[PDB]
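S.K.: Following this message is one structure expressed as structure tokens.
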Amino acid sequence: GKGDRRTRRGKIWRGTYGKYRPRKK
Amino acid sequence: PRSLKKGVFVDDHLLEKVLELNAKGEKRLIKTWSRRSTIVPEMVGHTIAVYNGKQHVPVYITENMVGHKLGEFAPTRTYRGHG
Amino acid sequence: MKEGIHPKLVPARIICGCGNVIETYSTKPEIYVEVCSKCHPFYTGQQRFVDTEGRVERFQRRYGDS
Amino acid sequence: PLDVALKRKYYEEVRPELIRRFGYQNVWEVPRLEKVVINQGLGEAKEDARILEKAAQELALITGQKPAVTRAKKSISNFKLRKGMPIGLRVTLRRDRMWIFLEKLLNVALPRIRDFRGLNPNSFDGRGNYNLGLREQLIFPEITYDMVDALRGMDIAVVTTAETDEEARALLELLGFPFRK
Amino acid sequence: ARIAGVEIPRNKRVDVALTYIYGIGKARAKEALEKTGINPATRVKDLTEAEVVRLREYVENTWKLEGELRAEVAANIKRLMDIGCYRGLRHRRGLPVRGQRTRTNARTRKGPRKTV
RNA sequence: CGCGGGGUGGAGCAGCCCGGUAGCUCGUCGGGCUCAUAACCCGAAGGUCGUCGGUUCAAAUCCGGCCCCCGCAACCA
RNA sequence: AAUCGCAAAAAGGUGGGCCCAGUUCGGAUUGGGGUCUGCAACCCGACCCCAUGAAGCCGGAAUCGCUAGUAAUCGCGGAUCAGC
RNA sequence: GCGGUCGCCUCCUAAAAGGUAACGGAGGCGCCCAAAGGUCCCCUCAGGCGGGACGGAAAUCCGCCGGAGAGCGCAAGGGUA
Ligand SMILES: [Mg+2]
Ligand SMILES: [Mg+2]
Ligand SMILES: [Mg+2]
Ligand SMILES: [Mg+2]
Ligand SMILES: [Mg+2]
Ligand SMILES: [Mg+2]
Ligand SMILES: [Mg+2]
Ligand SMILES: [Mg+2]
Ligand SMILES: [Mg+2]
Ligand SMILES: [Mg+2]
Ligand SMILES: [Mg+2]
Ligand SMILES: [Mg+2]
Ligand SMILES: [Mg+2]
Ligand SMILES: [Mg+2]
Ligand SMILES: [Mg+2]
Ligand SMILES: [Mg+2]
Ligand SMILES: [Mg+2]
Ligand SMILES: [Mg+2]
Ligand SMILES: [Mg+2]
Ligand SMILES: [Mg+2]
Ligand SMILES: [Mg+2]
Ligand SMILES: [Mg+2]
Ligand SMILES: [Mg+2]
Ligand SMILES: [Mg+2]
Ligand SMILES: [Mg+2]
Ligand SMILES: [Mg+2]
Ligand SMILES: [Mg+2]
Ligand SMILES: [Mg+2]
Ligand SMILES: [Mg+2]
């Protein structure tokens with residue numbers, strides 16, 4: 001959920017990047 | 001958690017007075033206003049008086065307070081329960 | 001012992017982090033124990049694995065040189 | 001079965017190392033093991049015997065003896081309990097059958113205790129006997145985890161012929177008892 | 001089958017059945033899988049006794065878990081309190097340790113309301 | 001000092017026979033409706049049972065002593 | 001700076017996994033290890049990673065919004081601004 | 001008169017046999033048990049200390065100490081391992 005910083009959707013919500021949402025297009 | 005490292009920030013005015021107390025070897029009450037700084041292992045055994053905004057509180061020092069700051073031992077609260 | 005009303009109790013086998021425990025002498029011969037800490041695994045044969053005592057020491061060395 | 005690894009280890013290992021350590025003039029003076037009493041305090045079964053037989057089922061499976069069902073000596077309100085009612089389960093295992101039981105207790109059970117850094121070195125009752133309390137009946141090899149319905153431990157009372165527990169300590173030590181020093 | 005201390009997981013899957021251990025999360029689990037060379041997709045319900053023992057020894061030896069971990073945590077807290085640390089005397093009062101506002105929404109750490 | 005009935009949340013009442021769990025109304029507290037208070041609606045807290053001893057496994061409850069309350073009696077003289 | 005960069009749009013779409021489980025739901029709290037801004041993150045910053053996994057299974061009396069590209073739902077940007 | 005009492009058991013009063021009075025000091029009975037009965041065989045308490053998961057003053061267990069202070073359906077007495 002948008003509150004689980006340990007996931008894709010969570011990371012998007014906060015607007016940041018990391019292991020669970022890497023910067024790679 | 002928490003971090004800042006690759007610097008380990010400690011104020012001078014006390015660090016100088018702490019060192020100047022190891023050489024000559026003299027342990028005495030040392031008043032400070034710097035709670036922004038880390039502690040020891042060169043202060044271990046000194047009674048530094050930390051400031052809580054109101055007045056200096058004498059704080060014993062042991063080798064397990066090392067990693068922390070000085071303010072963590074001089075609370076700014078005064079609570080004493082409710083009701 | 002009284003006749004009937006009893007478990008058989010018979011020479012048995014056993015398994016662990018070790019290899020084998022022939023002794024046994026119990027009902028249901030041949031058993032697979034999670035970890036017999038008698039063979040040498042765990043605490044005895046004081047392994048002290050995943051050793052510790054970071055605490056002071058840890059913040060000490062990342063401090064002496066930071 | 002009159003072999004048993006521990007029964008062997010007592011005579012040809014423990015017994016001699018005990019003599020040269022205390023200097024027993026006679027042959028009998030040296031501490032022998034006798035009588036190991038296992039007792040489940042089971043108030044858990046106040047008004048339901050159905051749960052008391054499943055326990056006995058279990059106790060005999062790990063010991064090799066059907067246990068006797070103790071009954072309440074007196075009526076004691078506060079926590080129910082009147083002069084009757086099955087309020088406990090107890091079995092007294094002696095020579096041989098005690099040996100095979102005490103062996104698995106050391107080489108399997110205790111090892112399976114979550115945590116465990118040794119048994120209490122103060123449970124000696126002064127006159128040279130040792131008591132210990134277990135917190136669940138799954139640490140014994142005979143138990144399958146799929147036969148349980150609820151966790152219930154027990155009291156274990158080991159009795160020794162040793163007049164002092166200073167000596168009673170050595171016996172249990174040399175037998176392979178994991179003490180917390 | 002029993003792994004750390006005890007804790008018997010089962011069915012569902014293998015990468016999740018490891019999470020049910022105290023000290024193991026999505027990472028530490030999904031890692032030891034391809035480090036002991038085993039397929040997570042399968043269920044602990046079915047797997048060679050061999051695979052079973054690679055796990056227990058790997059995991060139970062790689063790090064500390066269940067009892068050992070818990071024991072270390074409560075041990076760090078004891079120190080924080082023992083020393084007079086603010087971060088520590090917020091453990092005596094059972095209040096939120098990391099900043100936050102206690103004027104309100106502090107329940108989780110403060111407990112159900114005691115209306116007055 | 002005769003006889004009878006009592007004493008239980010803050011108020012007034014049950015529960016005591018027959019043992020084993022204390023209930024009702026009001027009030028109090030928190031929230032709601034209202035511009036607002038009350039009414040009204042939704043929630044919650046609160047009594048060791050006058051007292052000391054006794055009986056029983058267990059006492060508001062059965063038994064005894066003491067202290068208070070109410071009622072009746074104190075006649076021939 | 002339509003001539004570079006923030007920039008990935010998100011839901012959607014395809015494929016696959018979970019199979020009703022306080023559960024790969026939910027991410028609170030907490031332990032540990034770090035990054036960055038700033039003279040300085042104890043009180044009092046944000047962020048990452050490991051572990052922890054909380055209350056919550058749809059909310060009493062009450063009560064709000066909205067008539068169409070509206071309500072719902074999805075992401076993006078800006079001001080302030082060292083960071084937040 | 002009013003009040004209390006009226007038969008039965010226990011204790012004291014009762015003066016070391018029995019018995020013995022008073023509106024003398026205190027309690028209890030108007031049942032109960034098909035086993036709480038007969039016999040044979042076994043068994044021995046209460047407490048106190050130490051020991052032992054959930055067990056707490058006290059549930060069940062082990063150790064030593066424990067002549068009866070326990071128990072004997074209910075009062076008291078006598079009796080009794
Ligand atoms: Mg949503
Ligand atoms: Mg999630
Ligand atoms: Mg200067
Ligand atoms: Mg905050
Ligand atoms: Mg009345
Ligand atoms: Mg009243
Ligand atoms: Mg009545
Ligand atoms: Mg009301
Ligand atoms: Mg109100
Ligand atoms: Mg009275
Ligand atoms: Mg009686
Ligand atoms: Mg009373
Ligand atoms: Mg007349
Ligand atoms: Mg951006
Ligand atoms: Mg819940
Ligand atoms: Mg989850
Ligand atoms: Mg559900
Ligand atoms: Mg309109
Ligand atoms: Mg935004
Ligand atoms: Mg900004
Ligand atoms: Mg009359
Ligand atoms: Mg006489
Ligand atoms: Mg006794
Ligand atoms: Mg005792
Ligand atoms: Mg005791
Ligand atoms: Mg008697
Ligand atoms: Mg009698
Ligand atoms: Mg008598
Ligand atoms: Mg007598």
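Going through the structure tokens in order, the chains are called A, B, and so on, while each chain numbers its residues from 1 and the ligands are numbered from 1 in the order shown.
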Pick out the residues sitting within 7 Å of region 132-138 of chain D, and hand them over as number ranges by chain; count only C-alpha atoms (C1' of nucleotides), and ignore anything fewer than 3 positions along from it in its own chain.

M.R.: D: 143, 145, 151-157; H: 52-53

S.K.: Would you put the residues from that selection into a file with C-alpha atoms (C1' of nucleotides), as a PDB file, in the first residue's frame?

M.R.:
```pdb
ATOM      1  CA  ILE D 143       6.045 -36.225  20.524  1.00  0.00           C
ATOM      2  CA  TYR D 145       3.685 -31.830  17.212  1.00  0.00           C
ATOM      3  CA  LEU D 151       1.051 -27.068  25.777  1.00  0.00           C
ATOM      4  CA  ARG D 152       1.573 -28.513  29.252  1.00  0.00           C
ATOM      5  CA  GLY D 153       4.914 -28.989  31.007  1.00  0.00           C
ATOM      6  CA  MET D 154       5.785 -31.048  34.082  1.00  0.00           C
ATOM      7  CA  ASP D 155       7.909 -31.359  37.225  1.00  0.00           C
ATOM      8  CA  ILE D 156      10.887 -33.718  37.287  1.00  0.00           C
ATOM      9  CA  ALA D 157      12.277 -34.895  40.623  1.00  0.00           C
TER      10      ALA D 157
ATOM     11  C1'   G H  52      10.013 -28.020  41.416  1.00  0.00           C
ATOM     12  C1'   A H  53       6.742 -24.776  34.433  1.00  0.00           C
TER      13        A H  53
END
```

S.K.: When you look at residue 9 (chain G) with a cut-off of 10 Å (counting only C-alpha atoms (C1' of nucleotides)), what residues show up, excluding the ones that are within fewer than 4 positions of it in the same chain? I need them as a list in words.

M.R.: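 The residues satisfying every condition are residues 74, 75 and 76 of chain G.
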
S.K.: Taking only C-alpha atoms (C1' of nucleotides) and all ligand atoms and a cut-off of 12 Å, can you tell me which residues surround ligand 28, written as a PDB file with C-alpha atoms (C1' of nucleotides), in the first residue's frame?

M.R.:
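The resulting file, pocket_28.pdb, is reproduced below:
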```
ATOM      1  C1'   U H  10     -22.138 -31.867  75.654  1.00  0.00           C
ATOM      2  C1'   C H  11     -19.321 -28.873  79.040  1.00  0.00           C
ATOM      3  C1'   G H  69      -1.731 -30.849  67.805  1.00  0.00           C
ATOM      4  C1'   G H  71      -9.029 -37.247  60.678  1.00  0.00           C
ATOM      5  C1'   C H  72     -13.337 -39.692  62.591  1.00  0.00           C
ATOM      6  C1'   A H  75     -22.362 -29.615  69.150  1.00  0.00           C
ATOM      7  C1'   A H  76     -19.242 -30.581  73.083  1.00  0.00           C
ATOM      8  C1'   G H  77     -16.666 -34.038  75.758  1.00  0.00           C
ATOM      9  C1'   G H  78     -14.257 -38.651  76.319  1.00  0.00           C
ATOM     10  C1'   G H  79     -11.774 -41.654  73.095  1.00  0.00           C
ATOM     11  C1'   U H  80      -8.469 -43.131  69.128  1.00  0.00           C
TER      12        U H  80
END
```

S.K.: Ligand 16: which residues are within 10 Å, counting only C-alpha atoms (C1' of nucleotides) and all ligand atoms, as a list in words?

M.R.: residues 19 of chain E; 22, 23, 24, 25, 26, 27 and 53 of chain G

S.K.: Filtering to N, CA, C and O atoms (P, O5', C5', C4', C3', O3' and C1' of nucleotides), could you give me those residues as a PDB file, in the first residue's frame?

M.R.:
```pdb
ATOM      1  N   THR E  19       9.662 -16.160   6.464  1.00  0.00           N
ATOM      2  CA  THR E  19       9.332 -14.879   7.078  1.00  0.00           C
ATOM      3  C   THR E  19       8.720 -15.078   8.462  1.00  0.00           C
ATOM      4  O   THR E  19       8.900 -14.250   9.361  1.00  0.00           O
TER       5      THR E  19
ATOM      6  P     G G  22      -6.997 -15.362  10.288  1.00  0.00           P
ATOM      7  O5'   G G  22      -6.194 -15.107  11.641  1.00  0.00           O
ATOM      8  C5'   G G  22      -5.777 -13.796  12.021  1.00  0.00           C
ATOM      9  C4'   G G  22      -5.103 -13.056  10.887  1.00  0.00           C
ATOM     10  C3'   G G  22      -3.700 -12.533  11.196  1.00  0.00           C
ATOM     11  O3'   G G  22      -2.937 -12.480   9.985  1.00  0.00           O
ATOM     12  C1'   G G  22      -5.132 -10.711  10.754  1.00  0.00           C
ATOM     13  P     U G  23      -1.326 -12.549  10.026  1.00  0.00           P
ATOM     14  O5'   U G  23      -0.952 -12.937   8.527  1.00  0.00           O
ATOM     15  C5'   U G  23      -0.905 -14.296   8.120  1.00  0.00           C
ATOM     16  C4'   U G  23      -1.542 -14.492   6.766  1.00  0.00           C
ATOM     17  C3'   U G  23      -0.770 -13.941   5.571  1.00  0.00           C
ATOM     18  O3'   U G  23       0.170 -14.880   5.070  1.00  0.00           O
ATOM     19  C1'   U G  23      -3.138 -13.523   5.393  1.00  0.00           C
ATOM     20  P     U G  24       1.724 -14.503   4.938  1.00  0.00           P
ATOM     21  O5'   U G  24       1.845 -14.040   3.421  1.00  0.00           O
ATOM     22  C5'   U G  24       1.092 -12.937   2.931  1.00  0.00           C
ATOM     23  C4'   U G  24       1.985 -11.844   2.400  1.00  0.00           C
ATOM     24  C3'   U G  24       1.264 -10.728   1.655  1.00  0.00           C
ATOM     25  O3'   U G  24       2.032  -9.529   1.765  1.00  0.00           O
ATOM     26  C1'   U G  24       2.720 -11.827   0.173  1.00  0.00           C
ATOM     27  P     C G  25       1.338  -8.150   2.209  1.00  0.00           P
ATOM     28  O5'   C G  25      -0.200  -8.544   2.312  1.00  0.00           O
ATOM     29  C5'   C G  25      -1.054  -8.441   1.183  1.00  0.00           C
ATOM     30  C4'   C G  25      -2.369  -7.796   1.542  1.00  0.00           C
ATOM     31  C3'   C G  25      -2.289  -6.379   2.089  1.00  0.00           C
ATOM     32  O3'   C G  25      -2.160  -5.402   1.072  1.00  0.00           O
ATOM     33  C1'   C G  25      -3.745  -7.676   3.435  1.00  0.00           C
ATOM     34  P     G G  26      -1.365  -4.035   1.357  1.00  0.00           P
ATOM     35  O5'   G G  26      -1.714  -3.732   2.882  1.00  0.00           O
ATOM     36  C5'   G G  26      -2.918  -3.067   3.241  1.00  0.00           C
ATOM     37  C4'   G G  26      -2.884  -2.604   4.675  1.00  0.00           C
ATOM     38  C3'   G G  26      -1.628  -1.861   5.100  1.00  0.00           C
ATOM     39  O3'   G G  26      -1.660  -0.495   4.732  1.00  0.00           O
ATOM     40  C1'   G G  26      -2.241  -3.463   6.755  1.00  0.00           C
ATOM     41  P     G G  27      -0.331   0.241   4.213  1.00  0.00           P
ATOM     42  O5'   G G  27      -0.141   1.406   5.276  1.00  0.00           O
ATOM     43  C5'   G G  27       1.152   1.902   5.590  1.00  0.00           C
ATOM     44  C4'   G G  27       1.548   1.554   6.999  1.00  0.00           C
ATOM     45  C3'   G G  27       3.014   1.812   7.337  1.00  0.00           C
ATOM     46  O3'   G G  27       3.125   2.247   8.690  1.00  0.00           O
ATOM     47  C1'   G G  27       2.516  -0.480   7.651  1.00  0.00           C
ATOM     48  P     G G  53       7.816 -10.155  14.761  1.00  0.00           P
ATOM     49  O5'   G G  53       7.044  -9.837  13.413  1.00  0.00           O
ATOM     50  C5'   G G  53       5.635  -9.721  13.402  1.00  0.00           C
ATOM     51  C4'   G G  53       5.208  -8.318  13.731  1.00  0.00           C
ATOM     52  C3'   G G  53       3.911  -7.854  13.077  1.00  0.00           C
ATOM     53  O3'   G G  53       2.767  -8.197  13.851  1.00  0.00           O
ATOM     54  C1'   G G  53       5.624  -6.284  12.643  1.00  0.00           C
TER      55        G G  53
END
```

S.K.: How would you write, as number ranges by chain, the set of residues no farther than 12 Å from ligand 9 when counting only C-alpha atoms (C1' of nucleotides) and all ligand atoms?

M.R.: F: 27-33, 38, 40-44

S.K.: Store the residues of this selection in a file with N, CA and C atoms (P, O5', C5', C4', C3', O3' and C1' of nucleotides), as a PDB file, in the first residue's frame.

M.R.:
```
ATOM      1  P     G F  27     -30.789  11.975  36.251  1.00  0.00           P
ATOM      2  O5'   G F  27     -29.483  12.239  37.122  1.00  0.00           O
ATOM      3  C5'   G F  27     -29.474  13.218  38.148  1.00  0.00           C
ATOM      4  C4'   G F  27     -28.390  12.940  39.160  1.00  0.00           C
ATOM      5  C3'   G F  27     -26.961  13.056  38.655  1.00  0.00           C
ATOM      6  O3'   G F  27     -26.489  14.390  38.631  1.00  0.00           O
ATOM      7  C1'   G F  27     -27.204  11.040  39.851  1.00  0.00           C
ATOM      8  P     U F  28     -25.625  14.914  37.385  1.00  0.00           P
ATOM      9  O5'   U F  28     -24.252  14.129  37.552  1.00  0.00           O
ATOM     10  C5'   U F  28     -23.430  14.335  38.689  1.00  0.00           C
ATOM     11  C4'   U F  28     -22.176  13.502  38.616  1.00  0.00           C
ATOM     12  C3'   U F  28     -21.411  13.572  37.308  1.00  0.00           C
ATOM     13  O3'   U F  28     -20.598  14.726  37.204  1.00  0.00           O
ATOM     14  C1'   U F  28     -21.640  11.319  37.955  1.00  0.00           C
ATOM     15  P     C F  29     -20.437  15.473  35.792  1.00  0.00           P
ATOM     16  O5'   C F  29     -19.486  14.487  34.985  1.00  0.00           O
ATOM     17  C5'   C F  29     -18.204  14.144  35.487  1.00  0.00           C
ATOM     18  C4'   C F  29     -17.534  13.109  34.624  1.00  0.00           C
ATOM     19  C3'   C F  29     -17.614  13.338  33.127  1.00  0.00           C
ATOM     20  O3'   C F  29     -16.680  14.292  32.658  1.00  0.00           O
ATOM     21  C1'   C F  29     -18.168  11.102  33.596  1.00  0.00           C
ATOM     22  P     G F  30     -17.008  15.165  31.348  1.00  0.00           P
ATOM     23  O5'   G F  30     -16.852  14.104  30.172  1.00  0.00           O
ATOM     24  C5'   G F  30     -15.595  13.509  29.893  1.00  0.00           C
ATOM     25  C4'   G F  30     -15.682  12.560  28.727  1.00  0.00           C
ATOM     26  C3'   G F  30     -16.448  13.057  27.512  1.00  0.00           C
ATOM     27  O3'   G F  30     -15.712  13.951  26.702  1.00  0.00           O
ATOM     28  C1'   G F  30     -17.189  10.906  28.027  1.00  0.00           C
ATOM     29  P     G F  31     -16.464  15.161  25.956  1.00  0.00           P
ATOM     30  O5'   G F  31     -17.282  14.415  24.804  1.00  0.00           O
ATOM     31  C5'   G F  31     -16.606  13.779  23.730  1.00  0.00           C
ATOM     32  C4'   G F  31     -17.535  12.937  22.885  1.00  0.00           C
ATOM     33  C3'   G F  31     -18.638  13.675  22.150  1.00  0.00           C
ATOM     34  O3'   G F  31     -18.193  14.348  20.991  1.00  0.00           O
ATOM     35  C1'   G F  31     -19.542  11.760  23.164  1.00  0.00           C
ATOM     36  P     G F  32     -18.886  15.728  20.559  1.00  0.00           P
ATOM     37  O5'   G F  32     -20.375  15.282  20.204  1.00  0.00           O
ATOM     38  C5'   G F  32     -20.764  15.050  18.858  1.00  0.00           C
ATOM     39  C4'   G F  32     -22.045  14.253  18.768  1.00  0.00           C
ATOM     40  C3'   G F  32     -23.314  15.049  18.519  1.00  0.00           C
ATOM     41  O3'   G F  32     -23.472  15.428  17.165  1.00  0.00           O
ATOM     42  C1'   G F  32     -23.704  13.468  20.225  1.00  0.00           C
ATOM     43  P     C F  33     -23.532  16.983  16.766  1.00  0.00           P
ATOM     44  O5'   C F  33     -25.087  17.302  16.824  1.00  0.00           O
ATOM     45  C5'   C F  33     -26.022  16.507  16.115  1.00  0.00           C
ATOM     46  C4'   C F  33     -27.424  16.768  16.595  1.00  0.00           C
ATOM     47  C3'   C F  33     -27.803  18.234  16.747  1.00  0.00           C
ATOM     48  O3'   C F  33     -28.206  18.828  15.524  1.00  0.00           O
ATOM     49  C1'   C F  33     -28.429  17.049  18.696  1.00  0.00           C
ATOM     50  P     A F  38     -26.884  20.763  29.530  1.00  0.00           P
ATOM     51  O5'   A F  38     -28.450  20.611  29.782  1.00  0.00           O
ATOM     52  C5'   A F  38     -29.010  20.893  31.055  1.00  0.00           C
ATOM     53  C4'   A F  38     -30.520  20.868  31.026  1.00  0.00           C
ATOM     54  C3'   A F  38     -31.168  19.600  30.500  1.00  0.00           C
ATOM     55  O3'   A F  38     -31.163  18.537  31.435  1.00  0.00           O
ATOM     56  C1'   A F  38     -32.242  21.469  29.558  1.00  0.00           C
ATOM     57  P     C F  40     -34.620  13.106  29.353  1.00  0.00           P
ATOM     58  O5'   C F  40     -34.452  12.837  27.796  1.00  0.00           O
ATOM     59  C5'   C F  40     -35.585  12.730  26.950  1.00  0.00           C
ATOM     60  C4'   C F  40     -35.185  12.697  25.498  1.00  0.00           C
ATOM     61  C3'   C F  40     -34.101  11.695  25.133  1.00  0.00           C
ATOM     62  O3'   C F  40     -34.595  10.378  24.956  1.00  0.00           O
ATOM     63  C1'   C F  40     -33.559  13.790  24.209  1.00  0.00           C
ATOM     64  P     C F  41     -33.727   9.120  25.451  1.00  0.00           P
ATOM     65  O5'   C F  41     -32.647   8.965  24.299  1.00  0.00           O
ATOM     66  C5'   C F  41     -33.043   8.715  22.961  1.00  0.00           C
ATOM     67  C4'   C F  41     -31.851   8.668  22.045  1.00  0.00           C
ATOM     68  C3'   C F  41     -30.684   7.820  22.520  1.00  0.00           C
ATOM     69  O3'   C F  41     -30.866   6.437  22.281  1.00  0.00           O
ATOM     70  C1'   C F  41     -29.877   9.909  21.816  1.00  0.00           C
ATOM     71  P     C F  42     -30.136   5.351  23.218  1.00  0.00           P
ATOM     72  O5'   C F  42     -28.610   5.494  22.799  1.00  0.00           O
ATOM     73  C5'   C F  42     -28.201   5.292  21.456  1.00  0.00           C
ATOM     74  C4'   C F  42     -26.703   5.328  21.329  1.00  0.00           C
ATOM     75  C3'   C F  42     -25.933   4.548  22.378  1.00  0.00           C
ATOM     76  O3'   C F  42     -25.886   3.157  22.110  1.00  0.00           O
ATOM     77  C1'   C F  42     -24.975   6.687  22.144  1.00  0.00           C
ATOM     78  P     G F  43     -25.393   2.133  23.246  1.00  0.00           P
ATOM     79  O5'   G F  43     -23.910   2.628  23.540  1.00  0.00           O
ATOM     80  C5'   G F  43     -23.206   2.169  24.678  1.00  0.00           C
ATOM     81  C4'   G F  43     -21.910   2.911  24.861  1.00  0.00           C
ATOM     82  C3'   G F  43     -21.251   2.751  26.218  1.00  0.00           C
ATOM     83  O3'   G F  43     -20.523   1.543  26.339  1.00  0.00           O
ATOM     84  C1'   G F  43     -21.301   5.035  25.652  1.00  0.00           C
ATOM     85  P     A F  44     -20.759   0.585  27.607  1.00  0.00           P
ATOM     86  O5'   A F  44     -19.851   1.260  28.726  1.00  0.00           O
ATOM     87  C5'   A F  44     -18.457   1.419  28.524  1.00  0.00           C
ATOM     88  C4'   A F  44     -17.882   2.479  29.425  1.00  0.00           C
ATOM     89  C3'   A F  44     -17.974   2.206  30.914  1.00  0.00           C
ATOM     90  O3'   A F  44     -16.961   1.333  31.371  1.00  0.00           O
ATOM     91  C1'   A F  44     -18.631   4.434  30.465  1.00  0.00           C
TER      92        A F  44
END
```

S.K.: Please, which residues of region 10-63 of chain E, numbered as in this document, come out helix (DSSP H, G or I) from DSSP, as a list in words?

M.R.: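 These are the residues in question: residues 26, 27, 28, 29, 30, 31, 32, 33, 34, 35, 49, 50, 51, 52, 53, 54, 55, 56, 57, 58, 59, 60, 61 and 62 of chain E.
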
S.K.: For chain E, which residues have at least one atom within 12 Å of chain C, if we go by only C-alpha atoms? Write them as a PyMOL selection string, please.

M.R.: chain E and resi 1-8+49-50+52-54+56-65+68-69+72-73+75-80
